[PDB]
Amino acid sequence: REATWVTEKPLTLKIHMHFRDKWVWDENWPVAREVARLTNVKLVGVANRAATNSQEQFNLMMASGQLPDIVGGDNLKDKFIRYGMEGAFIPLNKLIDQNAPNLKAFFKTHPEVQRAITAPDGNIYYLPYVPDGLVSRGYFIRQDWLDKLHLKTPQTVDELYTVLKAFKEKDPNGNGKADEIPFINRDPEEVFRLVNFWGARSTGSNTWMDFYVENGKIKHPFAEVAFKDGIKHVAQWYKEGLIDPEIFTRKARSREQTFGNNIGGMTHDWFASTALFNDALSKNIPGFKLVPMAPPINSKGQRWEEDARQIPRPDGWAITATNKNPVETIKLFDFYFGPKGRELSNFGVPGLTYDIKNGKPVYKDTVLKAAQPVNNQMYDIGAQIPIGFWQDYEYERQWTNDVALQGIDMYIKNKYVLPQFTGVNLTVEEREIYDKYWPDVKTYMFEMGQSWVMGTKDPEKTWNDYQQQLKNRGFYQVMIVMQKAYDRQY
């Protein structure tokens, strides 16, 4: 028996958690096993470990006439809310009030987080992934390549074009081959963010393809004429091979591949893990220096960083209607928001990945000096996963090197980060229109965006058809309710 036990009799519950297009919940995870030890509740995974589409797996699960005890994963907020109001997921308000002191105290001290997760009927249907920190992504460029080619740090988009063209054409890795790929990214969605260079938005928040507000008006980036004109330029950079030809396919290990083989010249990615490549490749590529770069002055004369940490993220977990132990489940959920539970969900397992030194969790040297970024290492053992948990920036600070720290400081100091969209409060019937049309519109927008970038569709020629399709798919019905909700609140 332990003091943290939420049940005297051992309990096993079924969880469907397919996430980030690769992983599933693993009961064998060191973190999972430690939480199970301390709480006396074991979670067994039922999701298909072979699938590469997490959202599709939720859809198949929901339509399969069977439900597990718990459903977790990334980008599930909208589905948690929709199916919660339908009755597939249970409300957590009373369960938290009566059984979850850590969460109850958390929500009282974080009203913005409570607001962001609450459904229009007043019910909380899931517990969120709550990130910790301020900045997220920044531009990184190969300083050693700039220096070798005798080029200054590009200050404008036009200067950046010249630099990236030089990376492509002037053999900075010195192997006599045109193998260099100037701009790379592990996130395909970042290719759309390049429209920032031409004064267009790609998203209002850390949530991909999110709405934004300009002069009291709700806008979606992909529907704007600025996007049409901006994506033409992105298409041109793709055509000229300045953007990775595999930008939509390469994905997770883009940095390991392109920086590891000394072909990648630039990216836009998180400060800590990206800067860590300087240390990992220090001997393999003598002089490798990937440095934070201020955003280039765009066509609107400004230096935009569009991305920032989003608190909370639209990720987490929920309790289903079929769950026969909702009290034990919410108590398990609450363990994650206590001191020890939070530490485990962030740092891993004590004696394995970290040690308590002077009362503080300190990562082992084997973790810090490892080839893999620490967040990657955490995923492997069941930490830093998109369950209902509260991230602790102290975990990240420990593997944020001086290059990363100084980049973070520069971005904070110079205020590059654009004001982030914190959402509007929809009514139930407004949300019905939202949930009906928006997911499919977003998918269509991505497909069109990819077609435009890759040159299979001409953005100028197809814009009229695209706008008609947006209307036919109900996008402007969604836009009407978005503006209505905004006008009501503000």
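Residue numbers run from 1 along the displayed sequence.
If you average the C-alpha B-factors over 48 to 56 and over 455 to 463, the higher value belongs to 48 to 56.
Higher average CA B factor: 81 to 89, of the stretches 191 to 199 and 81 to 89. Highest CA B-factor among 70, 445, 426, 36, as stated in the entry: 426. Among 265, 111, 314, 245, the highest C-alpha B-factor in the deposited entry belongs to 111. Sorting the modelled residues of the chain by their CA temperature factor places residue 62 in the highest third.
Per the PDB record, residue ranking by Cα B-factor puts residue 106 in the highest third of the chain. The PDB entry assigns residue 308 a C-alpha temperature factor belonging to the lowest third of its chain's modelled residues.
Remark: residue 43 belongs to the middle third of its chain, ranked by C-alpha B-factor as recorded. In the deposited entry, the Cα temperature factor of residue 329 places it in the middle third of its chain's modelled residues.
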